[PDB]
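Written out below as structure tokens is the structure these notes cover.
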Amino acid sequence: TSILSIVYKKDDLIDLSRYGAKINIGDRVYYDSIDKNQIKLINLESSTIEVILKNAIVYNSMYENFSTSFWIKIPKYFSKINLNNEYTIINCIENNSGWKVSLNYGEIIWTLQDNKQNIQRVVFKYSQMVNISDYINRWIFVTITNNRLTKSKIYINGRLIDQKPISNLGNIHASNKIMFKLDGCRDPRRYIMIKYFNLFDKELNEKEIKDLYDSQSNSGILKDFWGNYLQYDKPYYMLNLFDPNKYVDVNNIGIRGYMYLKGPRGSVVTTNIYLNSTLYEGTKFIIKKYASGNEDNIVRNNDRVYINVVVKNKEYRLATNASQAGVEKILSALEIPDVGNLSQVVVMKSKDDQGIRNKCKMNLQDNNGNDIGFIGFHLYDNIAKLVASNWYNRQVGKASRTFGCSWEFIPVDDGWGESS
Amino acid sequence: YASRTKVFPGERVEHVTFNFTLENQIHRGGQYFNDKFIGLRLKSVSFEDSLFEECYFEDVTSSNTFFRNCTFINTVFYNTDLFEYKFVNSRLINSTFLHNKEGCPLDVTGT
Ligand SMILES: *[C@@H]1O[C@H](CO[C@@H]2O[C@@H](C)[C@@H](O)[C@@H](O)[C@@H]2O)[C@@H](O[C@@H]2O[C@H](CO)[C@@H](O)[C@H](O)[C@H]2NC(C)=O)[C@H](O)[C@H]1NC(C)=O
Ligand SMILES: *[C@@H]1O[C@H](CO)[C@@H](O)[C@H](O)[C@H]1NC(C)=O
Ligand SMILES: *[C@@H]1O[C@H](CO)[C@@H](O)[C@H](O)[C@H]1NC(C)=O
């Protein structure tokens with residue numbers, strides 16, 4: 001069902017479909033270290049990806065349906081040079097007819113053109129004054145379905161965001177060549193990242209789109225806040241999804257000391273551009289291998305690990321006394337060689353029992369392989385103290401709404417720009 | 001009181017850590033570059049037509065103090081009570097507020 005699908009291979013980009021699309025790549029196209037299947041394009045002329053189809057699959061029909069899907073990571077817009085500056089990132093237009101994908105300040109645009117120069121555009125708008133965004137500098141699964149008979153639709157992370165009728169458009173003749181390059185961007189320090197570009201010759205329904213989203217999500221591997229792979233030996237700031245105005249902190253170091261959620265969070269501002277919340281607040285959480293059999297640094301599902309807490313540029317260990325009063329075992333930061341036999345091994349979870357993808361959960365365990373429970377928070381006398389509890393396990397068993405046991409790992413990223 | 005206000009028209013401070021406690025002043029047209037403001041109290045002090053550019057504010061207590069027609073660039077407000085009502089018609093660019101002090105959301109006077 002897929003006609004074009006750019007994937008990575010041995011030091012090149014190939015097309016998985018049985019059409020063998022020729023791909024021409026500029027000398028300034030970059031790749032990640034860890035997920036080299038994600039591609040980076042910067043604002044220069046040499047940052048070029050050129051893919052050429054065959055004549056047998058050129059879109060030149062009257063009522064042919066088609067769809068596209070890809071993942072995009074768009075950095076934060078920092079200044080007012082970025083306003084009112086729609087720039088094209090994916091181009092498929094020849095002779096003022098075709099389809100194109102463009103970006104503006106806080107927008108992702110899908111555009112269609114016929115030979116009569118009719119414009120139909122479908123836009124996904126995300127604000128950038130929000131405290132915590134799901135779209136700024138984070139991976140977004142964008143898929144667009146076009147029904148030549150009814151209307152055209154844009155889907156963000158599997159859900160329908162906008163739709164506009166395209167019945168009036170009569171004939172689209174797209175180009176033989178597809179261009180991945182920033183066009184018309186006045187900011188010289190601007191870039192995007194894309195991955196998993198696919199094309200289909202039918203309008204996908206919500207079922208197929210959700211299937212594709214789940215299949216391409218790599219549910220077996222944890223993801224950090226930006227949507228990249230989670231890695232051992234790397235500092236991470238911690239965000240609790242249930243209470244996202246507070247950041248993890250400690251007050252003392254030892255068995256007597258505890259760690260809690262302190263707030264409120266700060267803010268990073270550029271007047272009339274962005275008024276987000278500071279994400280580099282609190283104590284970093286390094287994750288260390290304990291029993292990972294994989295050679296890579298990637299943290300996968302059910303990987304028993306250790307957790308180091310960075311306090312005053314010194315490393316400590318996240319552990320509890322399993323035998324204490326109550327169900328909520330309070331988490332504490334200990335000297336790494338003075339932990340003894342306290343429960344420290346954490347089982348990292350990416351998906352649930354049924355395999356449904358969810359956020360990051362940490363399951364504190366003892367040396368007997370017994371579940372103290374999911375790591376969360378519990379308020380003691382108006383202090384939101386970090387605990388490990390089996391209550392969260394009970395709600396998970398009862399398919400209830402767990403409160404406070406889901407976490408995000410926030411490393412320092414260049415696309416956010418906060419001053420640490 | 002308003003009769004005794006001192007005015008300093010035009011200033012250019014650059015690379016100094018600069019604390020004080022000033023009362024009933026107006027600064028107009030200042031230009032500060034890479035300055036540190038640690039542990040200072042401001043009573044009825046008003047900054048006007050100023051530029052702050054990689055400045056740093058730490059432990060600032062503000063009593064009826066305003067920044068009008070002021071421009072802040074790559075500045076940090078750490079542990080300060082300079083809330084959003086003390087920047088009248090200002091522009092912040094890539095500025096950061098951290099560990100804001102507790103206080104009222106409106107100017108209540110500190111008599
Ligand atoms: C606003 O900041 C961004 C991000 O830069 C980071 O944050 C700053 C506050 C400061 O701490 C920098 O040292 C940080 O790197 C600036 O955008 C980047 O600027 C750097 C040079 O400083 C440049 O190398 C990058 O390419 C820029 N990245 C992007 C995405 O543009 C931005 O320039 C600052 N705003 C203004 C108006 O200058
Ligand atoms: C703060 O101000 C006082 C008097 O204005 C000065 O003596 C002192 O040195 C200042 N603090 C620092 C850290 O220099
Ligand atoms: C301050 O003066 C006027 C506003 O009264 C304005 O034209 C000018 O640009 C301002 N200066 C700065 C640096 O913002």
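Residue numbering restarts at 1 for every chain of the structure tokens, chains are lettered A, B, ... in their displayed order, and ligands are numbered from 1 as they appear.
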(request) Identify all chain B residues at most 12 Å from chain A by counting only C-alpha atoms; ligands do not count. Present them as a list in words. (result) residues 54, 71, 72, 73, 74, 75, 76, 77, 78, 79, 80, 83, 84, 87, 89, 90, 91, 92, 93, 94, 95, 96, 97, 98, 99, 100, 101 and 102 of chain B
Selected residues, N, CA, C and O atoms, written as a short mmCIF file (atom, residue, chain, number, x, y, z; two decimals), in the first residue's frame, please.
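Generated output (selection.cif):
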data_model
loop_
_atom_site.label_atom_id
_atom_site.label_comp_id
_atom_site.auth_asym_id
_atom_site.auth_seq_id
_atom_site.Cartn_x
_atom_site.Cartn_y
_atom_site.Cartn_z
N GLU B 54 22.53 40.79 29.16
CA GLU B 54 23.13 39.82 30.06
C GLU B 54 23.35 40.41 31.45
O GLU B 54 24.47 40.39 31.98
N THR B 71 14.30 47.44 28.27
CA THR B 71 14.61 46.33 27.41
C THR B 71 15.59 45.44 28.13
O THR B 71 16.66 45.88 28.56
N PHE B 72 15.22 44.15 28.26
CA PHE B 72 16.06 43.16 28.93
C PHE B 72 16.44 42.08 27.93
O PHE B 72 15.57 41.58 27.17
N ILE B 73 17.73 41.72 27.93
CA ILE B 73 18.25 40.80 26.92
C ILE B 73 19.15 39.81 27.61
O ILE B 73 20.16 40.21 28.17
N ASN B 74 18.75 38.51 27.58
CA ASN B 74 19.55 37.44 28.13
C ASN B 74 19.81 37.69 29.61
O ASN B 74 20.89 37.37 30.13
N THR B 75 18.81 38.23 30.30
CA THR B 75 18.95 38.54 31.71
C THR B 75 18.25 37.47 32.54
O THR B 75 17.32 36.83 32.10
N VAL B 76 18.69 37.33 33.79
CA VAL B 76 18.20 36.32 34.71
C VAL B 76 17.69 37.00 35.96
O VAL B 76 18.41 37.81 36.53
N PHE B 77 16.48 36.65 36.39
CA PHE B 77 15.92 37.15 37.62
C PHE B 77 15.80 36.02 38.63
O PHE B 77 14.78 35.36 38.73
N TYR B 78 16.83 35.79 39.38
CA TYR B 78 16.89 34.67 40.32
C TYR B 78 16.59 35.16 41.73
O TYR B 78 17.28 36.06 42.25
N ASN B 79 15.56 34.59 42.34
CA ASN B 79 15.18 34.92 43.71
C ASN B 79 14.85 36.40 43.87
O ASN B 79 15.41 37.10 44.70
N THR B 80 13.92 36.89 43.05
CA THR B 80 13.55 38.30 43.06
C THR B 80 12.06 38.40 43.06
O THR B 80 11.35 37.51 42.54
N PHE B 83 7.82 41.07 39.84
CA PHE B 83 6.72 40.38 39.19
C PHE B 83 6.36 41.08 37.87
O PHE B 83 7.04 41.98 37.41
N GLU B 84 5.30 40.61 37.23
CA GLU B 84 4.99 41.01 35.87
C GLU B 84 4.30 42.38 35.83
O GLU B 84 4.11 42.93 34.74
N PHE B 87 6.97 45.57 35.26
CA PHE B 87 7.56 45.82 33.95
C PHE B 87 6.46 46.45 33.10
O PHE B 87 5.65 45.78 32.47
N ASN B 89 5.26 48.30 29.99
CA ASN B 89 5.61 48.53 28.60
C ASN B 89 7.06 48.15 28.32
O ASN B 89 7.74 48.83 27.55
N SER B 90 7.50 47.03 28.90
CA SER B 90 8.86 46.55 28.71
C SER B 90 8.92 45.47 27.62
O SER B 90 7.92 44.96 27.14
N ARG B 91 10.13 45.08 27.26
CA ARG B 91 10.41 43.99 26.37
C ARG B 91 11.50 43.12 27.00
O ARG B 91 12.66 43.55 27.13
N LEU B 92 11.15 41.86 27.29
CA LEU B 92 12.16 40.87 27.65
C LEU B 92 12.46 39.98 26.45
O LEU B 92 11.53 39.63 25.72
N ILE B 93 13.75 39.68 26.27
CA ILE B 93 14.17 38.78 25.21
C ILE B 93 15.08 37.74 25.83
O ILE B 93 16.17 38.06 26.29
N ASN B 94 14.64 36.46 25.76
CA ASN B 94 15.42 35.30 26.23
C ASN B 94 15.75 35.47 27.70
O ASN B 94 16.83 35.12 28.17
N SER B 95 14.79 36.01 28.46
CA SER B 95 14.96 36.26 29.88
C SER B 95 14.37 35.09 30.66
O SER B 95 13.49 34.37 30.20
N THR B 96 14.85 34.94 31.89
CA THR B 96 14.54 33.79 32.72
C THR B 96 14.21 34.28 34.11
O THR B 96 14.99 34.99 34.72
N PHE B 97 13.10 33.85 34.65
CA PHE B 97 12.74 34.09 36.03
C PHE B 97 12.80 32.77 36.79
O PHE B 97 12.15 31.80 36.40
N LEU B 98 13.55 32.73 37.85
CA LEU B 98 13.75 31.51 38.63
C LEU B 98 13.60 31.83 40.12
O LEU B 98 14.11 32.84 40.60
N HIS B 99 12.93 30.97 40.84
CA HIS B 99 12.79 31.05 42.28
C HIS B 99 12.14 32.36 42.69
O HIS B 99 12.61 33.01 43.63
N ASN B 100 11.06 32.72 42.02
CA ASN B 100 10.37 33.96 42.32
C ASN B 100 9.95 33.98 43.78
O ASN B 100 9.41 33.00 44.28
N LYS B 101 10.09 35.15 44.40
CA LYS B 101 9.66 35.33 45.78
C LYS B 101 8.15 35.31 45.85
O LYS B 101 7.46 35.63 44.89
N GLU B 102 7.65 34.99 47.05
CA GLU B 102 6.22 35.03 47.29
C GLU B 102 5.78 36.48 47.45
O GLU B 102 6.52 37.33 47.97
#
(request) Skip residue A:83 itself and residues of its chain fewer than 2 positions away, then list as a list in words all residues within 8 Å of it, counting only C-alpha atoms. (result) residues 80, 81, 85, 104 and 105 of chain A
Keeping only C-alpha atoms, take the residues you just selected and write them out as a tab-separated table (two decimals), in the first residue's frame.
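Produced file selection-v4.tsv, reproduced below:
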chain	number	residue	atom	x	y	z
A	80	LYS	CA	10.38	38.04	16.10
A	81	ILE	CA	12.36	37.32	12.93
A	85	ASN	CA	7.59	33.72	7.64
A	104	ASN	CA	5.18	29.09	10.00
A	105	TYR	CA	5.37	30.42	13.53
(request) Using only C-alpha atoms and all ligand atoms, find each protein or nucleic acid residue lying at most 12 Å from ligand 3; present the set as a PyMOL selection string. (result) chain B and resi 28-32+47-53+67-73+88-92
Residue contacts of stretch 236-252 of chain A (10 Å, only C-alpha atoms) excluding same-chain residues fewer than 4 positions away, as a short mmCIF file (atom, residue, chain, number, x, y, z; two decimals) with N, CA, C and O atoms, in the first residue's frame:
data_model
loop_
_atom_site.label_atom_id
_atom_site.label_comp_id
_atom_site.auth_asym_id
_atom_site.auth_seq_id
_atom_site.Cartn_x
_atom_site.Cartn_y
_atom_site.Cartn_z
N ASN A 131 2.52 26.66 29.23
CA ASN A 131 3.49 26.35 30.26
C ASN A 131 4.34 25.15 29.85
O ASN A 131 5.59 25.25 29.86
N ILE A 132 3.65 24.05 29.46
CA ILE A 132 4.34 22.88 28.98
C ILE A 132 3.70 22.42 27.71
O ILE A 132 2.54 22.09 27.74
N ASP A 224 12.53 9.86 26.02
CA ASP A 224 12.67 11.01 26.93
C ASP A 224 11.63 12.10 26.62
O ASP A 224 10.67 11.85 25.88
N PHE A 225 11.81 13.30 27.17
CA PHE A 225 10.81 14.36 27.01
C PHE A 225 10.68 14.81 25.56
O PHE A 225 9.57 15.05 25.08
N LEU A 230 15.84 6.96 25.44
CA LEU A 230 16.36 7.14 26.78
C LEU A 230 17.66 6.35 26.93
O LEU A 230 17.77 5.21 26.45
N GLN A 231 18.64 6.98 27.58
CA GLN A 231 19.99 6.45 27.58
C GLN A 231 20.56 6.41 29.00
O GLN A 231 20.30 7.29 29.83
N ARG A 256 17.77 9.45 56.71
CA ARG A 256 16.87 10.41 57.35
C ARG A 256 16.29 11.38 56.34
O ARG A 256 15.15 11.80 56.46
N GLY A 257 17.10 11.79 55.37
CA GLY A 257 16.66 12.73 54.35
C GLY A 257 15.67 12.12 53.37
O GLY A 257 15.60 10.92 53.18
N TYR A 258 14.88 12.99 52.76
CA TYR A 258 13.90 12.61 51.76
C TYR A 258 14.01 13.51 50.53
O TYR A 258 14.60 14.57 50.59
N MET A 259 13.45 13.08 49.42
CA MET A 259 13.30 13.92 48.26
C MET A 259 11.83 14.13 47.97
O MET A 259 11.00 13.23 48.19
N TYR A 260 11.52 15.34 47.50
CA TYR A 260 10.15 15.76 47.31
C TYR A 260 9.96 16.51 45.99
O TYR A 260 10.88 16.67 45.22
N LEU A 261 8.77 17.03 45.77
CA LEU A 261 8.44 17.90 44.65
C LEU A 261 8.32 19.32 45.18
O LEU A 261 7.43 19.61 45.96
N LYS A 262 9.21 20.20 44.73
CA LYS A 262 9.20 21.61 45.11
C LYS A 262 8.70 22.43 43.92
O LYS A 262 8.97 22.13 42.74
N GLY A 263 8.00 23.51 44.24
CA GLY A 263 7.48 24.40 43.21
C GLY A 263 7.38 25.84 43.69
O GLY A 263 7.80 26.19 44.81
N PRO A 264 6.82 26.73 42.85
CA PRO A 264 6.47 26.42 41.46
C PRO A 264 7.66 26.54 40.51
O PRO A 264 8.72 27.00 40.89
N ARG A 265 7.47 26.11 39.26
CA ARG A 265 8.52 26.24 38.27
C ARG A 265 8.67 27.70 37.82
O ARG A 265 7.72 28.48 37.89
N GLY A 266 9.88 28.03 37.35
CA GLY A 266 10.20 29.30 36.76
C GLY A 266 9.61 29.45 35.38
O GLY A 266 8.71 28.69 34.96
N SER A 277 7.61 27.42 30.54
CA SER A 277 8.08 27.17 31.89
C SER A 277 9.47 26.56 31.85
O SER A 277 9.84 25.86 30.90
N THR A 278 10.27 26.86 32.87
CA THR A 278 11.63 26.34 32.90
C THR A 278 11.61 24.82 33.10
O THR A 278 10.93 24.31 33.97
N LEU A 279 12.36 24.11 32.27
CA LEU A 279 12.41 22.67 32.28
C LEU A 279 13.73 22.17 32.87
O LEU A 279 13.87 20.94 33.07
N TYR A 280 14.67 23.07 33.18
CA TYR A 280 15.97 22.66 33.72
C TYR A 280 16.04 22.96 35.20
O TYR A 280 17.06 23.43 35.68
N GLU A 281 14.95 22.70 35.92
CA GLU A 281 14.89 22.92 37.35
C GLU A 281 14.88 21.57 38.04
O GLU A 281 14.24 20.63 37.55
N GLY A 282 15.61 21.49 39.15
CA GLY A 282 15.54 20.34 40.03
C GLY A 282 16.82 19.54 40.07
O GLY A 282 17.89 20.12 39.94
N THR A 283 16.68 18.23 40.32
CA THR A 283 17.84 17.36 40.46
C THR A 283 17.87 16.36 39.34
O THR A 283 16.83 15.84 38.99
N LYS A 284 19.04 16.18 38.73
CA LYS A 284 19.14 15.25 37.62
C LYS A 284 19.04 13.80 38.09
O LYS A 284 19.38 13.47 39.22
N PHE A 285 18.61 12.93 37.21
CA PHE A 285 18.44 11.52 37.48
C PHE A 285 19.27 10.76 36.46
O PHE A 285 18.86 10.58 35.34
N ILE A 286 20.43 10.29 36.83
CA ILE A 286 21.17 9.39 35.95
C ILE A 286 20.72 7.94 36.14
O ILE A 286 20.50 7.48 37.23
N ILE A 287 20.61 7.20 35.11
CA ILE A 287 20.19 5.82 35.08
C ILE A 287 21.43 4.98 34.73
O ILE A 287 22.18 5.25 33.77
N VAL A 309 21.12 10.14 41.70
CA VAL A 309 20.59 11.48 41.85
C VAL A 309 21.74 12.44 42.02
O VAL A 309 22.55 12.27 42.92
N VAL A 310 21.77 13.48 41.18
CA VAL A 310 22.85 14.45 41.16
C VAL A 310 22.48 15.59 42.09
O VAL A 310 21.58 16.39 41.79
N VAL A 311 23.17 15.63 43.25
CA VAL A 311 22.96 16.66 44.24
C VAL A 311 24.29 17.36 44.46
O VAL A 311 25.27 16.74 44.86
N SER A 332 14.67 8.07 49.16
CA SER A 332 15.75 8.88 49.76
C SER A 332 17.02 8.77 48.93
O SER A 332 17.17 7.85 48.13
N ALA A 333 17.91 9.74 49.08
CA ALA A 333 19.18 9.78 48.35
C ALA A 333 20.33 9.38 49.24
O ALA A 333 20.53 10.00 50.28
N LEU A 334 21.06 8.33 48.86
CA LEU A 334 22.07 7.73 49.71
C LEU A 334 23.44 7.75 49.05
O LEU A 334 23.53 7.79 47.81
N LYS A 359 3.48 6.58 29.13
CA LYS A 359 4.70 7.29 29.49
C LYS A 359 5.61 6.43 30.37
O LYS A 359 5.37 5.25 30.57
N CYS A 360 6.66 7.05 30.90
CA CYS A 360 7.66 6.35 31.67
C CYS A 360 7.16 6.07 33.08
O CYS A 360 6.69 6.99 33.75
N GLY A 376 6.12 7.21 42.75
CA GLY A 376 5.18 8.29 42.60
C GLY A 376 5.41 9.32 43.67
O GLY A 376 6.52 9.43 44.23
N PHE A 377 4.33 10.06 43.97
CA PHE A 377 4.40 11.03 45.04
C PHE A 377 3.17 10.91 45.92
O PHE A 377 2.09 10.59 45.43
N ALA A 384 4.86 17.23 49.17
CA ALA A 384 4.64 16.17 48.19
C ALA A 384 5.91 15.36 48.13
O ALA A 384 6.81 15.62 47.34
N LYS A 385 5.98 14.34 48.97
CA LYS A 385 7.18 13.56 49.15
C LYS A 385 7.15 12.38 48.18
O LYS A 385 6.13 11.74 47.96
N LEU A 386 8.29 12.08 47.59
CA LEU A 386 8.36 11.01 46.58
C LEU A 386 8.32 9.67 47.29
O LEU A 386 9.10 9.45 48.21
N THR A 402 -4.27 5.98 37.53
CA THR A 402 -3.17 6.20 38.44
C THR A 402 -2.82 7.68 38.50
O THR A 402 -2.84 8.38 37.49
N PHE A 403 -2.48 8.15 39.70
CA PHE A 403 -2.23 9.56 39.93
C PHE A 403 -0.80 9.76 40.41
O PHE A 403 -0.49 9.53 41.58
N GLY A 404 0.08 10.18 39.49
CA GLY A 404 1.40 10.66 39.89
C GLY A 404 2.52 9.67 39.63
O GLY A 404 3.66 9.95 39.99
N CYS A 405 2.25 8.55 38.98
CA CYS A 405 3.26 7.53 38.80
C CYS A 405 3.88 7.60 37.39
O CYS A 405 4.72 6.73 37.05
N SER A 406 3.49 8.60 36.57
CA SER A 406 4.03 8.74 35.22
C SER A 406 5.01 9.92 35.15
O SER A 406 4.70 11.01 35.67
N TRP A 407 6.18 9.69 34.53
CA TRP A 407 7.27 10.66 34.58
C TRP A 407 7.79 10.96 33.18
O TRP A 407 7.63 10.18 32.27
N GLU A 408 8.46 12.10 33.05
CA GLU A 408 9.15 12.50 31.83
C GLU A 408 10.60 12.80 32.16
O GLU A 408 10.91 13.31 33.24
N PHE A 409 11.50 12.45 31.25
CA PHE A 409 12.93 12.67 31.44
C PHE A 409 13.39 13.76 30.46
O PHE A 409 13.32 13.60 29.23
N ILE A 410 13.86 14.88 31.02
CA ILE A 410 14.18 16.06 30.22
C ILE A 410 15.67 16.30 30.22
O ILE A 410 16.22 16.79 31.21
N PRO A 411 16.38 15.96 29.12
CA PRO A 411 17.78 16.35 28.99
C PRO A 411 17.88 17.76 28.42
O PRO A 411 16.90 18.33 27.93
N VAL A 412 19.11 18.28 28.45
CA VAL A 412 19.38 19.57 27.81
C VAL A 412 19.39 19.37 26.30
O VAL A 412 20.13 18.53 25.78
#
(message) Which residues are near ligand 2 - at most 8 Å, using only C-alpha atoms and all ligand atoms? Format: as a VMD selection string.
(response) chain B and resid 17 to 21 38 to 40
Just-selected residues, N, CA and C atoms written as a PDB file, in the first residue's frame:
ATOM      1  N   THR B  17      29.699  44.129  39.610  1.00  0.00           N
ATOM      2  CA  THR B  17      28.711  43.649  40.557  1.00  0.00           C
ATOM      3  C   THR B  17      28.311  44.811  41.452  1.00  0.00           C
ATOM      4  N   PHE B  18      27.025  45.136  41.434  1.00  0.00           N
ATOM      5  CA  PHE B  18      26.572  46.431  41.889  1.00  0.00           C
ATOM      6  C   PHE B  18      25.322  46.285  42.751  1.00  0.00           C
ATOM      7  N   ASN B  19      25.522  46.323  44.066  1.00  0.00           N
ATOM      8  CA  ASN B  19      24.440  46.297  45.030  1.00  0.00           C
ATOM      9  C   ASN B  19      24.276  47.655  45.694  1.00  0.00           C
ATOM     10  N   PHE B  20      23.108  47.851  46.326  1.00  0.00           N
ATOM     11  CA  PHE B  20      22.828  49.082  47.035  1.00  0.00           C
ATOM     12  C   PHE B  20      21.512  48.962  47.783  1.00  0.00           C
ATOM     13  N   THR B  21      21.117  50.057  48.434  1.00  0.00           N
ATOM     14  CA  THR B  21      19.748  50.296  48.858  1.00  0.00           C
ATOM     15  C   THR B  21      19.456  51.753  48.574  1.00  0.00           C
ATOM     16  N   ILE B  38      23.151  41.926  43.188  1.00  0.00           N
ATOM     17  CA  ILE B  38      22.990  40.977  44.270  1.00  0.00           C
ATOM     18  C   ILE B  38      22.504  41.701  45.504  1.00  0.00           C
ATOM     19  N   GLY B  39      21.373  41.262  46.043  1.00  0.00           N
ATOM     20  CA  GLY B  39      20.969  41.633  47.388  1.00  0.00           C
ATOM     21  C   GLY B  39      20.790  43.135  47.565  1.00  0.00           C
ATOM     22  N   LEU B  40      19.759  43.665  46.916  1.00  0.00           N
ATOM     23  CA  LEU B  40      19.503  45.078  46.957  1.00  0.00           C
ATOM     24  C   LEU B  40      18.023  45.288  47.181  1.00  0.00           C
TER      25      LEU B  40
END
(request) Check the smallest atom-to-atom distance from each of A:130, A:331, A:136, A:375 to ligand 1 using only C-alpha atoms and all ligand atoms, then report the winner. (result)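 Looking only at the distances to ligand 1, the closest residue turns out to be A:136.
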(message) If you run DSSP on the backbone here, which positions in stretch 28-185 of chain A get strand (DSSP E)? Please write them as a VMD selection string.
(response) chain A and resid 30 to 31 39 to 42 49 to 52 66 to 73 87 to 93 98 to 104 107 to 113 119 to 125 139 to 146 151 to 156 159 to 165 177 to 183
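Note that atom CA of residue B:5 and atom CA of residue B:109 are 17.4 Å apart.
The nearest approach to ligand 1 among the residues B:26, B:106, B:42, B:55, with only C-alpha atoms and all ligand atoms taken into account, belongs to B:55.
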(message) Show me, as number ranges by chain, the residues that have an atom within 8 Å of stretch 347-349 of chain A when counting only C-alpha atoms, minus same-chain residues fewer than 6 positions from it.
(response) A: 222, 300-305, 360-365
Just the selected residues (N, CA and C atoms), exported as a JSON list (two decimals), in the first residue's frame, please.
[["chain", "number", "residue", "atom", "x", "y", "z"],
["A", 222, "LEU", "N", 12.04, 3.07, 25.79],
["A", 222, "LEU", "CA", 11.62, 4.27, 26.47],
["A", 222, "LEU", "C", 11.97, 5.47, 25.62],
["A", 300, "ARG", "N", 15.63, 0.07, 27.46],
["A", 300, "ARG", "CA", 14.49, -0.61, 26.87],
["A", 300, "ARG", "C", 13.51, -1.04, 27.94],
["A", 301, "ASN", "N", 12.48, -1.77, 27.51],
["A", 301, "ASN", "CA", 11.41, -2.15, 28.41],
["A", 301, "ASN", "C", 11.87, -3.23, 29.38],
["A", 302, "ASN", "N", 11.39, -3.14, 30.64],
["A", 302, "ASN", "CA", 11.67, -4.12, 31.68],
["A", 302, "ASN", "C", 13.16, -4.21, 32.06],
["A", 303, "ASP", "N", 13.93, -3.16, 31.80],
["A", 303, "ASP", "CA", 15.34, -3.14, 32.13],
["A", 303, "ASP", "C", 15.52, -2.75, 33.59],
["A", 304, "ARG", "N", 16.03, -3.69, 34.38],
["A", 304, "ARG", "CA", 16.32, -3.41, 35.77],
["A", 304, "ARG", "C", 17.54, -2.52, 35.82],
["A", 305, "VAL", "N", 17.40, -1.37, 36.50],
["A", 305, "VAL", "CA", 18.46, -0.37, 36.49],
["A", 305, "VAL", "C", 18.74, 0.11, 37.91],
["A", 360, "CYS", "N", 6.66, 7.05, 30.90],
["A", 360, "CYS", "CA", 7.66, 6.35, 31.67],
["A", 360, "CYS", "C", 7.16, 6.07, 33.08],
["A", 361, "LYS", "N", 7.24, 4.79, 33.50],
["A", 361, "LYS", "CA", 6.97, 4.42, 34.87],
["A", 361, "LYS", "C", 8.14, 3.63, 35.44],
["A", 362, "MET", "N", 8.41, 3.83, 36.71],
["A", 362, "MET", "CA", 9.52, 3.22, 37.40],
["A", 362, "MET", "C", 8.98, 2.32, 38.51],
["A", 363, "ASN", "N", 9.44, 1.08, 38.53],
["A", 363, "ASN", "CA", 8.93, 0.07, 39.45],
["A", 363, "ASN", "C", 10.06, -0.37, 40.38],
["A", 364, "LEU", "N", 10.08, 0.19, 41.59],
["A", 364, "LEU", "CA", 11.10, -0.11, 42.59],
["A", 364, "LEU", "C", 10.95, -1.53, 43.11],
["A", 365, "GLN", "N", 12.05, -2.26, 43.14],
["A", 365, "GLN", "CA", 12.08, -3.67, 43.49],
["A", 365, "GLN", "C", 13.23, -3.94, 44.46]]
(message) When you look at residue A:33 with a cut-off of 12 Å (counting only C-alpha atoms), what residues show up, excluding the ones that are within fewer than 2 positions of it in the same chain? I need them as a count of residues only.
(response) 13
(message) List as an MDAnalysis selection string the protein and nucleic acid residues near stretch 109-112 of chain A, meaning an atom at most 8 Å away when only C-alpha atoms are counted, but skip any in the same chain fewer than 2 places from it.
(response) chainID A and resid 97:104 107 114 118:124 144 154 172
(request) List every residue of stretch 186-307 of chain A that DSSP, applied to the backbone of this structure, assigns to alpha helix (DSSP H), and report them as a PyMOL selection string. (result) chain A and resi 206-215
Please produce a file of those selected residues containing C-alpha atoms, as a CSV table (one decimal), in the first residue's frame.
chain,number,residue,atom,x,y,z
A,206,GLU,CA,-8.4,6.4,11.8
A,207,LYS,CA,-7.7,2.7,12.4
A,208,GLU,CA,-4.9,2.4,9.8
A,209,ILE,CA,-3.4,5.7,11.0
A,210,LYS,CA,-3.4,4.6,14.7
A,211,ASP,CA,-1.9,1.3,13.6
A,212,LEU,CA,0.9,3.2,11.8
A,213,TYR,CA,1.4,5.5,14.8
A,214,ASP,CA,1.8,2.6,17.1
A,215,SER,CA,4.0,0.6,14.7
(request) Grab the atom CA of residue B:46 to atom 3 (C, counted along the ligand's line) of ligand 1 distance for me, in Å with one decimal place. (result)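 So the answer is 29.2 Å.
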(request) Rounded to one decimal place, report the atom CA of residue A:387-atom CA of residue A:308 distance in Å. (result)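 The value is 16.0 Å.
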Within 8 Å of residue A:177 using only C-alpha atoms, minus same-chain residues under 4 positions, as an mmCIF file with C-alpha atoms, in the first residue's frame:
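The result, stored in result.cif:
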data_model
loop_
_atom_site.group_PDB
_atom_site.id
_atom_site.type_symbol
_atom_site.label_atom_id
_atom_site.label_comp_id
_atom_site.auth_asym_id
_atom_site.auth_seq_id
_atom_site.Cartn_x
_atom_site.Cartn_y
_atom_site.Cartn_z
ATOM 1 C CA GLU A 50 16.197 14.876 -3.383
ATOM 2 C CA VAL A 51 14.008 11.824 -4.027
ATOM 3 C CA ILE A 52 12.798 10.920 -7.511
ATOM 4 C CA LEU A 53 9.854 8.625 -8.200
ATOM 5 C CA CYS A 92 6.255 18.462 -4.554
#
